[PDB]
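J.: Below is a structure I'd like to ask you about.
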Amino acid sequence: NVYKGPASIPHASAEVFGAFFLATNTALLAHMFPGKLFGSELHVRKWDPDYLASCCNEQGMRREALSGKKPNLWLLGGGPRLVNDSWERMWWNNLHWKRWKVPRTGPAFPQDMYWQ
Amino acid sequence: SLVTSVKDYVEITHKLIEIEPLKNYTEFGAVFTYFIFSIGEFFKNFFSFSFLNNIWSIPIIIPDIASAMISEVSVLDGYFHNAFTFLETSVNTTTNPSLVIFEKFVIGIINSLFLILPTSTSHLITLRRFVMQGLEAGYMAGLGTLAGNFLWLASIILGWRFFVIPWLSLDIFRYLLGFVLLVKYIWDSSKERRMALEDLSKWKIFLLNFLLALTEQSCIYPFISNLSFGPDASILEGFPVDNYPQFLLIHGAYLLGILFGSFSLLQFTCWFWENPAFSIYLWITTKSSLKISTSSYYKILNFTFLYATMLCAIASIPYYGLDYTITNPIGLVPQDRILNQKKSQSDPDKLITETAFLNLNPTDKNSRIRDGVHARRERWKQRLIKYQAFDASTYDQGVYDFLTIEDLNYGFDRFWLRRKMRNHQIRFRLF
Amino acid sequence: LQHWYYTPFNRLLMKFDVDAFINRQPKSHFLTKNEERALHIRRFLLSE
Amino acid sequence: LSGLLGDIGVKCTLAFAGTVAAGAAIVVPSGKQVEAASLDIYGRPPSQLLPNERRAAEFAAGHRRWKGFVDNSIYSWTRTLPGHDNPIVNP
Amino acid sequence: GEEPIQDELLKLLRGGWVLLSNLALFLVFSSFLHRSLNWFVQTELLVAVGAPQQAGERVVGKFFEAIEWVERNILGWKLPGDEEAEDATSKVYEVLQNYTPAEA
Amino acid sequence: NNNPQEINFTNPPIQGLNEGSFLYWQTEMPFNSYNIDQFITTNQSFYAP
Amino acid sequence: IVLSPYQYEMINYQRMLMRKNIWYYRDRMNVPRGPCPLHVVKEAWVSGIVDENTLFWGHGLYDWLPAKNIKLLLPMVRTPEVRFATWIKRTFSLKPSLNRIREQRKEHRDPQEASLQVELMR
Amino acid sequence: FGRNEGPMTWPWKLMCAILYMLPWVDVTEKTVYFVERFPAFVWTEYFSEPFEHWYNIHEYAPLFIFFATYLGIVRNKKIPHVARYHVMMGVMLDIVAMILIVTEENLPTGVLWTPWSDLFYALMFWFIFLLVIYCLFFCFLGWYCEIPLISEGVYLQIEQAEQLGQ
Amino acid sequence: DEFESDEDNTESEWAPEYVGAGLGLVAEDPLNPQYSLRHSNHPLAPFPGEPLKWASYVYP
Amino acid sequence: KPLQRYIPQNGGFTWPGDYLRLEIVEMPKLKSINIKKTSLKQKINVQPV
Amino acid sequence: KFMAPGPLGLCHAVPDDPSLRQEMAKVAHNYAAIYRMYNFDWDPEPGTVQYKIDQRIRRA
Amino acid sequence: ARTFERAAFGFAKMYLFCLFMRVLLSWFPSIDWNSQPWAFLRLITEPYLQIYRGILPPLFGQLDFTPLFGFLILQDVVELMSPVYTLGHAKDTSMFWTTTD
Ligand SMILES: CCCCCCCCCCCCCCCCCC(=O)OC[C@H](CO[C@@H]1O[C@H](CO)[C@H](O)[C@H](O)[C@H]1O)OC(=O)CCCCCCCCCCCCCCCCC
Ligand SMILES: CCCCCCCCCCCCCCCC(=O)OC[C@H](COP(=O)(O)OC[C@@H](O)CO)OC(=O)CCCCCCCCCCCCCCC
Ligand SMILES: CCCCCCCCCCCC
Ligand SMILES: CCCCCCCCCCCC
C-alpha cells in the first residue's frame, strides 16, 4: 500500500539479508569449533597450491626425462631478472611467492578453543 | 608491481647523483615523467604481445663433489661416503603390461567415487537445480562440474605446467572471480526466475559449474573427499614407469577409468532422480512427519539453499587477513620495511598511514590520547590508556615484555585488568 | 572475586568442552600421580 | 554518444587519458638516449647496456626534455612579467 | 526470456565499476580525514585557549602558503629569503661528504 | 652462473659501513664495532670502562 | 576417570598456550618436513604418512619428541572424522598394498615383518 | 506525482556514507572484545577515529544532525527518494545503537562479573557492524536495501515527513 | 607510603642470577634440579614468558 | 622501556644493496663565501670533532 | 615415499644402496635412543637395566 | 529497612522496562491492543502517559513523542533514587585517595 519507491530501481528482499546474517554467524561458529560440525570441519580450499605445483612439476619432469631431454622446473611467481647486483633481486618473484607460505595456508584465527 | 616500480625509481634517482642531482625524491617533474614512462611501457608490453617472451622455467644441474659441501662429505670405513645419488625410481616390470594397465583402469574407476561426493558448493548448486528446475538443469550442472574436474585433473596428472603454474600464480584474481560468480548466482536465484529451459539457459548452467570448478571453493567433510584406494596421499599423484609409451598408456588408462566411473555415476544419478519421483523429498517428509503444504515447502527449501550458498560464498573472509589479500598483490612482503618506516628522523609517526594497523605490539603508544582529541571512551584500558593493551597477533609472530601473556589473554588477570567497564555512573539525560 | 570467578557452576561449558576434547585420546594415556612421579624418577635414574 | 559524455566518470577518464597523452607527447625522447644520455651517464652504447641502465638513460633524456619545455615555454611566458611585489604570509 | 550473455557481462561490469568508484571516493575522503586531524585539533586548541586571533592567523597563513606555492611552482619568479632557507637542510650523502669525519 | 659467463654480485654482500649505512641497518647487524661507537660517550665508556 | 577442576583449568591453560602453534615433524632420513598447521597435521595423519611414533616439534618444547609424548597433540588431531577416515585408509588401502608388496618381493623376510600397519587406526 | 524518483548521485552517496558512519562511532568502544578473536578485522579498531573526533566535538551534535536531516532532507519531496530512504535508515540504525547502549547500561552485576558480558559486548559490535556494511553495499549502489522490522517503518515515516503542516 | 615514599638504590636493585652452564648448584628440590634455574636467563629455565622460537636469520 | 628486537627485515622502498641516500636531515650547510654577521637559524650544536 | 615416517613408508621399497641403508639404520638407532627415554615397561624382565632401577627404588 | 528500598527499586525498574516496551511498540502501528499481552501492557501504562498527553501536545500535530518523554522523565526520577554506593567497583572508592573519590 505504501509507496516503497519506484519499480525501476531494483529492490533487495529481506530473505537475502536474513541469509547473509545467518551465514556470517554460522561461518564464525563453525570456524570457532573445528570438531563439532557433524563430526567434521570447514575447509576453505581442497588442495594447497604448492601441492598442486609440486605434483605438476614432478609429472612434467618425469615426462621430459623419459622423452630424452633435460627437465625444467616451472617457478611460481615468475622467472629471474637479468641483474648484476645482489642475488635476492635476481630471484625476487619466486622469493616473494615463497615468503607468503604461512599466511597463505594457515588461518588467522586461533586453531583451538580457549575459555571453553 | 607498484613496489618494484618504486624501487626502480629510487635506484634511478640514486644513479643521477653523479650527473644531475635532484632536490629530493618527490620532485613533481621526475615523478610525472617516470609515471608517464611506466604507463607507456606497461601499455606497450600489454599491446605488443611481448609478454609471451617471459621466462617461467629453469634447468636444474647437480653440482659435482668438487663444488659441493665438501665439509659434509665423510668417508665411512674407507669404503663408503655420504654423497647419496640413486637413479630416481627403478622398479621391476610386471609379467604383462596389460595386467598393470587393467589394474590402473580399475583403480581409476574406484577413485572416481570421491569426486562426486556431495560436499562442495558445486554439488549444492547441482542439488538445488535438480530439486527446483527439473532434471535437465541438474544434468547440465553435473556435466559441467564433471568437465571442469576432468580438465583440472588431466592438466595436473599429465604435467601441463604451462597452464597450471601461471593460473596458480594469480592468487587474488581466482578468489575475486569466484566471489563474482557466487554473487551473480545468488542474485539470480533470489529473484526466482522460472521459465522453460532453452539451449542458451542450459549452456549458462553448464558454464557456471565449469568456471566454478576452476576456483577454490569451501569444502565440508575433508579427509574423506581426499581419500584414495592406493598407496598415495590423493588422487592426483602419478605412478612410476620405465619409458615414455608406458607412461602414456598407464596415465591414459587411469584418466579413462576416472572419466568412465564419473560418467556412469552421473547417468545413475540422472535416472535415480526420475525413478522414485521428481521431488521425492516431499513424500519422504510426509512419511516422516506432517507436511504443511507445497508452496511453504518450496519457500523453506529455497531459503535453505540461499542460506547455504551464502555461507559457501562468505566462509573465506575471516580466514585471511588484509595483509595477505591487499598488501600482497601490491608487492609487499610480510613484515615489510615500508610498514615501520618513520615519517622523519624527528617525527616518530609512520610514513604510510593507510597501513599503520599492521603488526602492532601491545606496548605501542596509543594515538587517541593526544591533547584535545576527545575520542571514544575506551574504558576497558583505563588503567593502561598509554598503550594498546590487547593482543591480536597471528601465526608465529608475537612479542611480550612487561605486558605478559596471562595479563593480556588469560583468565582473571585479563578480566580484572578491565574492571572499569562495569562501574556505575550518574547521568541525567534531560534535567 | 577471583575465587568466585572459577566457581564450578560458572564453568559448565568449559567442563563439557574439555571432557569432549580429552575423551579423544586413548584410554591408556591417563596416569596417576604416583605413576608420573615414578616415571620421572625412572627417567633421571636411567640418565645417570 | 553524448550520453557517455554526460556521466562524470567518463569525463574524468577522458581528462586523465588526455593528460597522459600530452605528457607522453612532451616528455618521450627519441634518438637522444644514445646521442646524449647514454654516452654521458655510462659512456657505452645503449645496446650493450644492461636492461636496468637503458631505462635510466631514457628517464634522464625525458627529464632533460621536461625541464627544457618547462623553461623555454611556460616559465619565459610567466616570468616576462617581473616580480609583482611577491605577496608573503603575514602571520 | 533469457538475455544474451554479453548483456549480462556489460551489466556486471557497469555495476562493479559504479560500486568500486564510489568506494574509492569514500576511502579517499576517509584518508583525507585521517591525515589532517592534528592540524584541526591544534586550531581548535588555539581557539579554546582564548586566542581566536592566533587561529585566524593560522588559517590565513595556510591560505597564503597555498598562494605562495602557486606563485613559486605554477609561476616562475622566486621569493625573498629562498636562498637563506635553501641552506637550512641537506641530504644524507652531503652530510657524509662535508661534516662526517673519515675515522667513522 | 646462469648465463654462460659468470656474474658477480656487488651490492648484495656489504663489506663496509659508514654513518648513514650504520643508521639504516642499526638493529639488523650481528655485531658493533668501536670505530663508530667511539663517538658516543656512553658507548665509549662501555667499550673502555 | 574423574577429573578435578584443577586438571580442567590446567588443560584449558595449555590449550590457550598452544592454540596458535605451528608444528614440524621429521622423516626417516632425519629431515624436517613442512610447515604444518593443525589441518595439515590431520591430513597427514589420515593419509598414513605420520603416526604416533613420529618426531614432532612445537613452540612449547625444547627438543624433538614422539607425537604421543607431547601433552595435547593426539586429542587435537583425532576428531571422529579423522578416526573414521584413517581406519578406512588403513583397512582398505595400505593393508592390501602391504600384503601385495610382501608377496611380490622376497626381500621382505617373513620371520622379520613390521606391524606398523596393524596399529595405524589408533 | 511531483515527487522526484530519479537515481541518487555520488554526493548523496557520500553524505549517506558519512551519516552511516555514526552508529559505528557509537558502538566503536566494544570492538576489542570481538577483535580478540578472528584478528583479521583488527583494522576495524582504527578506522573511526576522525569520525569519533568530529561527531563528538559538541555534546548536542547528534540531535542537531537528526533535526537537520528529518526536516531539511526527509521532508523535502524534491530530493530523490533513495537518498531520503538511506538517510532515514542511518537515523534508525543510530536509534538501534542507542537502544543497545541503553540496554547495556542496565545489566545486572552477576552478568557483569562473568565472561557472558564479553560475549554481549562482542555482539553489540558485530551485529551493528554487519548492518552498516550491508547498508553500505546498497549505498554505493543506488538500490534499496530492505531490513526486517525497520524498512516498512522507514517507508511510512518518509511519507509522513511529507505533507507536514500542509 | 610503599609505592611513592621508597626508591631502589642503584647497587641494591634486584637482577636475574647468573649461573653460566648451571651445573654446580644447590638443589632446593633434589628430584628436579631444573627448579633452581627459575631466577636466571638460562635456556632451560622454567617458563621464561615467551616461547623459544626456531630462528632462521640471514644478516646483511 | 619496550625491548628492542634485532631481527633482520626484508627490503622496502629500495633494493637490498643500498640505503636512502637522498633523505633530508636537518643540519645547516655552510657557504664558502664569508658571512660577517648572519645567524644560521639553526645552531650546529656540538662544534668540535 | 619410503622416507615417510609412517605406515605409508613400509608399503614402498628402498632404492637398494648400502650407504643409504647404513644411513637409515643410524637414523633409526638415534630415533630408538630418543624413544627409550620416554616409554617404559610396566613389568620389566629380570636382567635388564630398568629391572635393576626398579629394584633399587624399592630398596630405597 | 533494606527490604523496602529493594522492593521499591525493583518495582521502579520493572515500570521503566514496561515504559521502554511501550516506546518500542509505538514504532509498529499494525499491532492490535485487544490481544492479551498488549492489552495488559496498555492497561498498566495508560494513566502515566495519559497525564503527559494532556500536559504536552505534539510538536507539529503529526508526530508523537509522549511515551519517549515519559520514559525519560521516569528514568531521571528513578536515577534520583539510586543507592548511594552501588558496589561493583564504586564501593571500593576507586584506588586510594582520589580526586574523583
Ligand atoms: C608503495 C605503495 C605502498 C602503499 C600501500 C598502500 C596500501 C593502501 C591500499 C589501500 C587500502 C585502503 C585503506 C585506505 C583507507 C583510508 C583510511 C585510513 O587511512 O585509515 C588509516 C587507519 C590507520 O589509522 C592510524 O592508525 C594508527 C595506529 O597506530 C594510529 O592510531 C593513527 O592515529 C591512525 O591514523 O587504517 C585503517 O583504518 C585501514 C582501513 C582499511 C579498511 C579496509 C578497506 C576495505 C576495502 C578494501 C578494498 C580494496 C581497496 C583498494 C585497495 C587497493 C588500493 C590500490
Ligand atoms: C578459464 C581459464 C583458462 C582455461 C582455458 C583452458 C586451458 C587448458 C589447456 C590445456 C588443454 C589441452 C591443450 C593440449 C595440451 C597439449 O597438447 O600439450 C602441449 C604440451 C607442450 O609441450 P612442451 O613440452 O612445449 O610444454 C612444456 C609444458 O608441457 C610443461 O610441462 O605438450 C605436452 O605436454 C605433451 C603431452 C603428451 C601428449 C598428451 C596427449 C594426450 C592428449 C589428451 C587429450 C586430453 C583432452 C583433455 C581435455 C580435458
Ligand atoms: C601462445 C600459444 C597460444 C596460447 C596457449 C595457451 C596459453 C594459456 C595460458 C592461460 C593462463 C591463464
Ligand atoms: C544465562 C545468562 C545470559 C545468557 C544470554 C546472554 C547473552 C545474550 C546475547 C544477546 C545479544 C543481543
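Here, A, B, ... name the chains of the C-alpha cells in the order displayed, residue numbers run from 1 inside each chain, and ligands are numbered from 1 in the same displayed order.
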Residues within 7 Å of ligand 2, counting only C-alpha atoms and all ligand atoms: report them as a list in words.
T.: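 The neighbouring residues of ligand 2 are, in order, residues 60 of chain A; 147, 150, 151, 154, 155, 158, 159, 160, 161, 162, 163 and 211 of chain B.
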J.: Please save N, CA and C atoms of the selected residues as a PDB file, in the first residue's frame.
T.:
```
ATOM      1  N   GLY A  60      55.657 -33.374 -15.031  1.00  0.00           N
ATOM      2  CA  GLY A  60      56.279 -32.792 -16.208  1.00  0.00           C
ATOM      3  C   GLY A  60      57.742 -33.165 -16.341  1.00  0.00           C
TER       4      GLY A  60
ATOM      5  N   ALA B 147      33.131 -31.949 -16.277  1.00  0.00           N
ATOM      6  CA  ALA B 147      34.086 -31.496 -17.282  1.00  0.00           C
ATOM      7  C   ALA B 147      35.184 -30.649 -16.655  1.00  0.00           C
ATOM      8  N   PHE B 150      37.499 -32.951 -14.632  1.00  0.00           N
ATOM      9  CA  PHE B 150      38.315 -33.760 -15.529  1.00  0.00           C
ATOM     10  C   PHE B 150      39.420 -32.932 -16.166  1.00  0.00           C
ATOM     11  N   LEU B 151      39.103 -31.710 -16.599  1.00  0.00           N
ATOM     12  CA  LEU B 151      40.123 -30.852 -17.195  1.00  0.00           C
ATOM     13  C   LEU B 151      41.231 -30.545 -16.196  1.00  0.00           C
ATOM     14  N   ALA B 154      43.281 -33.782 -15.444  1.00  0.00           N
ATOM     15  CA  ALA B 154      44.129 -34.168 -16.566  1.00  0.00           C
ATOM     16  C   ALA B 154      45.300 -33.210 -16.727  1.00  0.00           C
ATOM     17  N   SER B 155      45.071 -31.913 -16.505  1.00  0.00           N
ATOM     18  CA  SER B 155      46.170 -30.958 -16.564  1.00  0.00           C
ATOM     19  C   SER B 155      47.200 -31.238 -15.478  1.00  0.00           C
ATOM     20  N   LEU B 158      48.973 -35.021 -16.202  1.00  0.00           N
ATOM     21  CA  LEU B 158      49.810 -35.114 -17.392  1.00  0.00           C
ATOM     22  C   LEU B 158      50.950 -34.103 -17.405  1.00  0.00           C
ATOM     23  N   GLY B 159      51.085 -33.286 -16.366  1.00  0.00           N
ATOM     24  CA  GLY B 159      52.178 -32.335 -16.299  1.00  0.00           C
ATOM     25  C   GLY B 159      52.097 -31.191 -17.285  1.00  0.00           C
ATOM     26  N   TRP B 160      50.909 -30.619 -17.477  1.00  0.00           N
ATOM     27  CA  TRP B 160      50.746 -29.441 -18.329  1.00  0.00           C
ATOM     28  C   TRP B 160      50.936 -28.182 -17.482  1.00  0.00           C
ATOM     29  N   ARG B 161      52.205 -27.915 -17.164  1.00  0.00           N
ATOM     30  CA  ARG B 161      52.542 -26.811 -16.272  1.00  0.00           C
ATOM     31  C   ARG B 161      52.286 -25.447 -16.897  1.00  0.00           C
ATOM     32  N   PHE B 162      52.320 -25.352 -18.230  1.00  0.00           N
ATOM     33  CA  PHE B 162      52.168 -24.062 -18.897  1.00  0.00           C
ATOM     34  C   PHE B 162      50.831 -23.413 -18.561  1.00  0.00           C
ATOM     35  N   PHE B 163      49.830 -24.218 -18.218  1.00  0.00           N
ATOM     36  CA  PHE B 163      48.547 -23.687 -17.779  1.00  0.00           C
ATOM     37  C   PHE B 163      48.409 -23.693 -16.262  1.00  0.00           C
ATOM     38  N   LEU B 211      33.160 -23.026 -14.819  1.00  0.00           N
ATOM     39  CA  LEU B 211      34.043 -21.995 -14.283  1.00  0.00           C
ATOM     40  C   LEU B 211      34.229 -22.136 -12.779  1.00  0.00           C
TER      41      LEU B 211
END
```
J.: Need the shell around residue K:39: protein/DNA/RNA residues with any atom at most 12 Å away, counting only C-alpha atoms. Skip same-chain ones fewer than 2 positions apart. Format as a ChimeraX atom specification?
T.: /C:29,36,39-40,42-43,46 /G:53,65-66,68-69 /K:32-37,41-42,50
J.: To check your reading of the model: which residues sit at most 7 Å from ligand 1 when counting only C-alpha atoms and all ligand atoms? Write the answer as a PyMOL selection string.
T.: (chain B and resi 2-3+6+326-327+330+352-357+366-368) or (chain E and resi 24+27-28+30-31+34-35) or (chain H and resi 43-44+46-47)
J.: Dump C-alpha atoms for the selected residues as an mmCIF file, in the first residue's frame?
T.:
```cif
data_model
loop_
_atom_site.group_PDB
_atom_site.id
_atom_site.type_symbol
_atom_site.label_atom_id
_atom_site.label_comp_id
_atom_site.auth_asym_id
_atom_site.auth_seq_id
_atom_site.Cartn_x
_atom_site.Cartn_y
_atom_site.Cartn_z
ATOM 1 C CA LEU B 2 53.934 -0.952 -7.551
ATOM 2 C CA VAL B 3 56.748 -1.610 -5.073
ATOM 3 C CA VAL B 6 59.063 2.484 -6.771
ATOM 4 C CA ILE B 326 45.566 -6.302 -0.031
ATOM 5 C CA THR B 327 49.291 -5.710 0.501
ATOM 6 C CA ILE B 330 50.678 -4.604 -4.351
ATOM 7 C CA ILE B 352 52.182 5.293 5.403
ATOM 8 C CA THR B 353 49.019 5.978 7.409
ATOM 9 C CA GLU B 354 46.795 3.596 5.413
ATOM 10 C CA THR B 355 48.797 0.585 6.689
ATOM 11 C CA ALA B 356 49.504 1.693 10.268
ATOM 12 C CA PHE B 357 47.232 -1.019 11.730
ATOM 13 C CA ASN B 366 48.026 4.992 21.910
ATOM 14 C CA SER B 367 47.189 7.693 19.362
ATOM 15 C CA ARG B 368 43.824 8.615 20.929
ATOM 16 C CA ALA E 24 37.276 4.603 -3.767
ATOM 17 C CA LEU E 27 38.063 5.838 1.078
ATOM 18 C CA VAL E 28 39.893 8.886 -0.309
ATOM 19 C CA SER E 30 38.378 8.932 4.881
ATOM 20 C CA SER E 31 42.126 9.085 4.217
ATOM 21 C CA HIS E 34 42.725 10.674 8.873
ATOM 22 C CA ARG E 35 45.793 12.557 7.651
ATOM 23 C CA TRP H 43 41.592 -2.665 11.108
ATOM 24 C CA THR H 44 38.029 -2.016 12.304
ATOM 25 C CA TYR H 46 41.497 2.150 13.844
ATOM 26 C CA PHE H 47 39.101 3.403 11.150
#
```
J.: How would you report the residues lying within 7 Å of ligand 4, as a PyMOL selection string, if you count only C-alpha atoms and all ligand atoms?
T.: chain H and resi 111+116+119-120+123-124
J.: How would the residues just picked look written out with C-alpha atoms as a compact mmCIF listing (two decimals), in the first residue's frame?
T.:
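Listed below is the output, again_25.txt:
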```
# COMPACT_ATOMS: atom_id res chain seq x y z
CA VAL H 111 26.19 -10.93 34.34
CA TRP H 116 28.98 -13.53 29.33
CA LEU H 119 30.21 -12.08 24.55
CA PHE H 120 27.45 -9.48 24.81
CA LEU H 123 27.66 -8.96 19.69
CA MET H 124 26.92 -5.29 20.38
```
J.: Using DSSP on the backbone coordinates, identify the residues of chain F assigned to alpha helix (DSSP H); present them as a list in words.
T.: residues 19, 20, 21, 22, 23, 24, 34, 35, 36, 37, 41, 42, 43, 44, 45, 46 and 47 of chain F
J.: Take the residues that were just selected and, keeping N, CA, C and O atoms, output them as a short mmCIF file (atom, residue, chain, number, x, y, z; two decimals), in the first residue's frame.
T.:
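Generated file (part.cif):
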```cif
data_model
loop_
_atom_site.label_atom_id
_atom_site.label_comp_id
_atom_site.auth_asym_id
_atom_site.auth_seq_id
_atom_site.Cartn_x
_atom_site.Cartn_y
_atom_site.Cartn_z
N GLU F 19 78.40 6.14 8.51
CA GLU F 19 77.40 6.67 9.44
C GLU F 19 75.98 6.41 8.95
O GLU F 19 75.14 5.87 9.68
N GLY F 20 75.69 6.79 7.70
CA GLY F 20 74.36 6.58 7.17
C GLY F 20 74.01 5.11 7.02
O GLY F 20 72.90 4.68 7.35
N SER F 21 74.96 4.31 6.52
CA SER F 21 74.72 2.88 6.38
C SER F 21 74.48 2.22 7.73
O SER F 21 73.60 1.36 7.86
N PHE F 22 75.25 2.61 8.75
CA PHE F 22 75.01 2.10 10.09
C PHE F 22 73.65 2.53 10.61
O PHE F 22 72.94 1.73 11.25
N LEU F 23 73.25 3.77 10.35
CA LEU F 23 71.95 4.25 10.79
C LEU F 23 70.80 3.52 10.11
O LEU F 23 69.73 3.37 10.70
N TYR F 24 71.00 3.07 8.86
CA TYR F 24 69.93 2.36 8.17
C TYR F 24 69.74 0.94 8.69
O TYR F 24 68.61 0.48 8.85
N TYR F 34 83.99 -0.58 17.35
CA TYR F 34 84.38 0.60 18.11
C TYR F 34 84.59 1.82 17.23
O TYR F 34 84.46 2.95 17.71
N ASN F 35 84.90 1.62 15.95
CA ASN F 35 85.25 2.73 15.07
C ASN F 35 84.10 3.73 14.93
O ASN F 35 84.34 4.91 14.67
N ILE F 36 82.86 3.28 15.10
CA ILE F 36 81.70 4.15 15.02
C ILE F 36 81.14 4.47 16.40
O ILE F 36 80.69 5.60 16.64
N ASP F 37 81.18 3.52 17.32
CA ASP F 37 80.66 3.73 18.67
C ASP F 37 81.58 4.58 19.54
O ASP F 37 81.18 4.95 20.65
N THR F 41 79.48 8.94 24.05
CA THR F 41 80.14 8.90 25.35
C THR F 41 79.82 7.61 26.09
O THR F 41 80.72 6.93 26.61
N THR F 42 78.53 7.25 26.17
CA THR F 42 78.15 6.05 26.90
C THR F 42 78.69 4.79 26.24
O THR F 42 79.18 3.88 26.92
N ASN F 43 78.62 4.71 24.91
CA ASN F 43 79.14 3.55 24.21
C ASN F 43 80.65 3.43 24.40
O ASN F 43 81.17 2.33 24.62
N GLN F 44 81.37 4.55 24.31
CA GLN F 44 82.81 4.52 24.51
C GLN F 44 83.16 4.10 25.93
O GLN F 44 84.09 3.31 26.14
N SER F 45 82.42 4.61 26.92
CA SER F 45 82.65 4.21 28.30
C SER F 45 82.34 2.73 28.53
O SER F 45 82.99 2.10 29.36
N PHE F 46 81.37 2.18 27.80
CA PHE F 46 81.11 0.75 27.88
C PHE F 46 82.23 -0.06 27.23
O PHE F 46 82.56 -1.15 27.71
N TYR F 47 82.81 0.46 26.14
CA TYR F 47 83.93 -0.23 25.50
C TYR F 47 85.17 -0.22 26.38
O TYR F 47 85.90 -1.21 26.44
#
```
J.: Write out as a PyMOL selection string the residues lying within 12 Å of residue C:44, counting only C-alpha atoms and excluding same-chain residues fewer than 5 positions away.
T.: (chain C and resi 37-39) or (chain I and resi 30-34) or (chain K and resi 37-38+50+53)
J.: Provide as a list in words the residues of chain J at most 7 Å from chain B, counting only C-alpha atoms.
T.: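 Only these qualify: residues 2, 9, 10, 11, 12, 13, 14, 15 and 22 of chain J.
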J.: Mind writing the picked residues with N, CA, C and O atoms as a CSV table (one decimal), in the first residue's frame?
T.:
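What follows is the written file again.csv:
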```csv
chain,number,residue,atom,x,y,z
J,2,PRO,N,60.1,-0.5,26.3
J,2,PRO,CA,59.9,-1.6,25.4
J,2,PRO,C,61.2,-2.1,24.9
J,2,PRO,O,62.1,-1.3,24.6
J,9,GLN,N,65.2,-7.5,8.6
J,9,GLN,CA,63.9,-7.4,7.8
J,9,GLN,C,64.2,-7.2,6.4
J,9,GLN,O,65.3,-6.7,6.0
J,10,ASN,N,63.2,-7.5,5.5
J,10,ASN,CA,63.4,-7.5,4.1
J,10,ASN,C,63.1,-6.2,3.5
J,10,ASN,O,62.5,-5.3,4.1
J,11,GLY,N,63.6,-6.0,2.2
J,11,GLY,CA,63.6,-4.7,1.5
J,11,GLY,C,62.4,-4.0,1.5
J,11,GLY,O,61.3,-4.5,1.4
J,12,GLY,N,62.5,-2.6,1.4
J,12,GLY,CA,61.4,-1.7,1.3
J,12,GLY,C,61.8,-0.4,0.7
J,12,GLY,O,62.7,0.2,1.2
J,13,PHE,N,61.1,0.1,-0.4
J,13,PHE,CA,61.4,1.4,-1.0
J,13,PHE,C,62.8,1.4,-1.7
J,13,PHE,O,63.1,2.4,-2.3
J,14,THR,N,63.5,0.3,-1.6
J,14,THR,CA,64.8,0.2,-2.2
J,14,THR,C,65.2,-1.2,-2.3
J,14,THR,O,64.8,-2.1,-1.6
J,15,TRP,N,66.2,-1.5,-3.2
J,15,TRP,CA,66.7,-2.8,-3.4
J,15,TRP,C,67.6,-3.1,-2.2
J,15,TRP,O,68.1,-2.2,-1.5
J,22,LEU,N,69.1,10.1,-0.4
J,22,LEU,CA,68.5,11.4,-0.5
J,22,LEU,C,67.6,11.8,0.6
J,22,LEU,O,66.7,12.7,0.4
```
J.: Given a cut-off of 12 Å, which residues of chain E touch chain B, counting only C-alpha atoms, written out as a PDB file with C-alpha atoms, in the first residue's frame?
T.:
```pdb
ATOM      1  CA  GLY E   1      13.014 -14.966 -21.949  1.00  0.00           C
ATOM      2  CA  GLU E   2      16.774 -15.019 -21.379  1.00  0.00           C
ATOM      3  CA  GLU E   3      19.009 -12.079 -22.242  1.00  0.00           C
ATOM      4  CA  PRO E   4      22.265 -12.684 -24.156  1.00  0.00           C
ATOM      5  CA  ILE E   5      25.433 -13.350 -22.176  1.00  0.00           C
ATOM      6  CA  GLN E   6      27.209 -10.175 -23.314  1.00  0.00           C
ATOM      7  CA  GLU E   8      24.774  -9.634 -18.510  1.00  0.00           C
ATOM      8  CA  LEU E   9      28.550  -9.151 -18.705  1.00  0.00           C
ATOM      9  CA  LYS E  11      25.612  -5.060 -16.653  1.00  0.00           C
ATOM     10  CA  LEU E  12      28.039  -6.738 -14.240  1.00  0.00           C
ATOM     11  CA  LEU E  13      30.890  -4.518 -15.433  1.00  0.00           C
ATOM     12  CA  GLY E  15      27.629  -2.287 -11.529  1.00  0.00           C
ATOM     13  CA  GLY E  16      31.116  -3.238 -10.394  1.00  0.00           C
ATOM     14  CA  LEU E  27      38.063   5.838   1.078  1.00  0.00           C
ATOM     15  CA  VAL E  28      39.893   8.886  -0.309  1.00  0.00           C
ATOM     16  CA  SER E  30      38.378   8.932   4.881  1.00  0.00           C
ATOM     17  CA  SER E  31      42.126   9.085   4.217  1.00  0.00           C
ATOM     18  CA  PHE E  32      41.950  12.880   3.975  1.00  0.00           C
ATOM     19  CA  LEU E  33      40.128  12.987   7.313  1.00  0.00           C
ATOM     20  CA  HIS E  34      42.725  10.674   8.873  1.00  0.00           C
ATOM     21  CA  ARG E  35      45.793  12.557   7.651  1.00  0.00           C
ATOM     22  CA  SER E  36      44.757  16.094   8.667  1.00  0.00           C
ATOM     23  CA  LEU E  37      43.280  15.506  12.138  1.00  0.00           C
ATOM     24  CA  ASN E  38      46.085  17.047  14.205  1.00  0.00           C
ATOM     25  CA  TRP E  39      46.008  20.378  12.344  1.00  0.00           C
ATOM     26  CA  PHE E  40      42.311  20.864  13.111  1.00  0.00           C
ATOM     27  CA  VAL E  41      42.974  19.708  16.680  1.00  0.00           C
ATOM     28  CA  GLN E  42      45.682  22.354  17.124  1.00  0.00           C
ATOM     29  CA  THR E  43      43.442  25.045  15.626  1.00  0.00           C
ATOM     30  CA  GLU E  44      40.631  24.033  17.996  1.00  0.00           C
ATOM     31  CA  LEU E  45      43.020  24.164  20.962  1.00  0.00           C
ATOM     32  CA  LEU E  46      44.192  27.630  19.903  1.00  0.00           C
ATOM     33  CA  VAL E  47      40.548  28.725  19.726  1.00  0.00           C
ATOM     34  CA  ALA E  48      39.711  27.204  23.112  1.00  0.00           C
ATOM     35  CA  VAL E  49      42.744  28.546  24.993  1.00  0.00           C
ATOM     36  CA  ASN E  73      55.729  26.452  -8.738  1.00  0.00           C
ATOM     37  CA  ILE E  74      52.989  27.323 -11.245  1.00  0.00           C
ATOM     38  CA  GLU E  86      67.861  26.600   0.973  1.00  0.00           C
ATOM     39  CA  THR E  89      68.588  21.309   5.394  1.00  0.00           C
ATOM     40  CA  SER E  90      70.865  18.942   3.491  1.00  0.00           C
ATOM     41  CA  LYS E  91      70.760  15.393   2.173  1.00  0.00           C
ATOM     42  CA  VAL E  92      72.460  12.496   3.947  1.00  0.00           C
ATOM     43  CA  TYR E  93      75.199  11.987   1.350  1.00  0.00           C
ATOM     44  CA  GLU E  94      76.021  15.702   1.507  1.00  0.00           C
TER      45      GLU E  94
END
```
